[PDB]
């Protein structure tokens, strides 16, 4: 069964792919195998200022591709067994295909990601995004674009969702046209979390 997350312009689906034992093993292999970007490849530019990202990132996928957000371009690394196994399984469950994965690792509840839409030029038009989570459960927040700021034109409610160990969140079109998402700071969370967002990228 899928929990359907629906609101005006919001269309997402949530389910648990893996039980505890399997999700533990996958997490441990991710921790062991994934090579994260450092230094110059972990700095972004937002509002005219450069910052080191408050988390760790890695990109895997087919050769040739490119992934640019916030002034930072990330070349994908060749697929490794554990990412292919997760990719293929998501594909078998959803029917959707993927040639790329972005990995965000939050070492604890102080690591986080800011509010944004996934609306890249390099993202295939109307292609779903598969977000698979491992480790600590973290709250994932959807805010509507017209409901943000000083004076909002719309009073659409915020949508909050705990992403569990071994879960899958599907973000279908047009979720990313109208809704920003983020993983806010959760100061009580002491354990790491690894998130995989599988995507379809144009060459």
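Numbering follows the first chain given and starts at 1.
S.K.: Higher average CA B factor in the deposited record is what I'm after, so tell me if that's 152-160 or 136-144.
M.R.: The stretch with the larger mean CA B-factor is 152-160.
S.K.: Using only modelled residues of the chain, where does the Cα B factor of residue 86 rank: lowest third, middle third or highest third?
M.R.: Middle third - that is where residue 86 ends up once the chain's C-alpha B-factors are sorted.
S.K.: Split into thirds by Cα B-factor across the chain's modelled residues, where does residue 120 land: lowest, middle or highest?
M.R.: As the PDB entry reports it, the C-alpha B-factor of residue 120 lands in the highest third of its chain.
S.K.: For the chain shown, is the CA B-factor of residue 131 in the lowest, middle or highest third of its modelled residues?
M.R.: Lowest third.
S.K.: Would the CA B-factor of residue 47 place it in the lowest, middle or highest third of its chain?
M.R.: Lowest third.
S.K.: When the modelled residues of the chain are sorted by Cα temperature factor, does residue 107 land in the lowest, middle or highest third?
M.R.: Ranked within chain, residue 107 CA B lands in the middle tercile.
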